[PDB]
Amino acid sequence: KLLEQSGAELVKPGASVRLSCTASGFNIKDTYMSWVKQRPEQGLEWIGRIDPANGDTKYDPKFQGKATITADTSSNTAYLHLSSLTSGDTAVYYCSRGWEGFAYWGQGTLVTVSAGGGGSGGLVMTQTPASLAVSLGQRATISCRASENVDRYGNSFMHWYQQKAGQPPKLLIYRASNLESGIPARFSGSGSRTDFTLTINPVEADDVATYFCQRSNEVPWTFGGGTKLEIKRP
């Protein structure tokens, strides 16, 4: 793992917290570093990204007044700063690297906001179906529709991830149809502009996971709501 995150945090409501993400083997200066929130048993939420070469930061509007991202190229570390903590901030936070899909993920940092009063809270990606009960050996299809065009330089910036229980997500497909190195050929992607599909054919037992699409041509780099793929239970 080339991205190492700081330890679990137990923080009081209304206080602040800083998380760190340290890279090894490559310079963070030469990449886009993102932070992603995942509330317990919920979907991935892109918080924002920093370009450490120039310090440029972009955030999802939902996180304005909650999250701040910084980076230190000298120590090869990116940081996430959360303000006025509330129960809604209890989540696993991941740092990630990449533009054409996040191929590198940190192990995640659990932030638990303790009981008590205090704090404050502060493009549409339609992923269907929310739940998919599969017959092993069948063709499984997951769709993602964006409210805006996801193309840039004549390429569709649509990516697909697989996430298994208690693990960080893994990049499967990038640039709508390109298979990530080491991913089996049963995974394929198709689509352009606003409509996309992930196909798993034939679906195998080790494909039980939650799948997410994501766009990245323009900010915010929004994730789809997710598809929990399970073997049918008759």
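So that there is no doubt, residue numbering starts at 1 and follows the sequence shown.
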- Message: Checking the other compared PDB entries, only those that cover the residues flanking it, does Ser120 lack coordinates in at least one third?
- Response: yes
- Between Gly122 and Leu123, the number of deposited residues left without coordinates comes to 4 to 9
- Query: On average, are the C-alpha B-factors higher in 76-84 or in 135-143?
  - Reply: 135-143
- Item | Mean C-alpha B-factor comparison - 147-155 and 92-100, higher one | 147-155
- Message: According to the Cα B-factor stored in this entry, which of the following is highest: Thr31, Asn54, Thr70, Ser192?
- Response: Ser192
- Note on the structure: Note to self: of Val208, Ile50, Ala185, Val36, the C-alpha temperature factor tops out at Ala185
- In terms of the CA temperature factor given in the entry, to which third of its chain does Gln107 belong: lowest, middle or highest? middle
- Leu198: CA temperature factor from the record, placed by chain third, in the middle
- Item | Modelled-residue ranking by C-alpha temperature factor, third containing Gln162 | lowest
